[PDB]
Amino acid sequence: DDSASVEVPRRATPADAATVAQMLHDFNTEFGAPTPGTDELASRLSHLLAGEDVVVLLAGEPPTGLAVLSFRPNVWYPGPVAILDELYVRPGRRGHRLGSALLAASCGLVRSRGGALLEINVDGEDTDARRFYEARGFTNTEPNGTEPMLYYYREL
């Protein structure tokens, strides 16, 4: 009863491709975000989870939350730069605890890879996510900056 510590997220292996595919699917469809089918996602994940470029962390048994990290090189750093591509947890106190655990595990994994920077792109309208990251060491302004850094994209 007192024996167990707080659950530590685990890294998804290739054997988890179907699990992860279904979680990614379900998280999107429940909140009205578009998604590929689970056959496509599972196939892609059987690739990605076999490598080190995109890493997926799972929280819960059965898993009920996940984090997706991507790594890339950068001309200014000896190690990779990481992005928190996704952090998917249920709304409410439960999900928020798991989210907090997943974020901490992500920072550890980035450090282990020799990374010194973790990035996120966040919708400005998403006050809940902004409050959550800002409480856990993230900023959208540089120290000598006067206003928010912006995410721009172009679909090609």
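Note that residue numbering follows the sequence shown and begins at 1.
**Q** Pick between 65-73 and 120-128: the one whose mean CA B-factor in the entry is higher.
**A** It is 120-128.
**Q** Comparing average C-alpha B factors as deposited, tell me which of 23-31 and 45-53 sits higher.
**A** Comparing averages over the C-alpha atoms only gives 23-31.
**Q** Comparing against every modelled residue in the chain, figure out the third that the C-alpha B-factor of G115 lands in (lowest, middle or highest).
**A** Middle third of the chain for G115's C-alpha B-factor.
**Q** Ranking the modelled residues of this chain by C-alpha B-factor as given in the entry, is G108 in the lowest, middle or highest third?
**A** Middle third by C-alpha B-factor.
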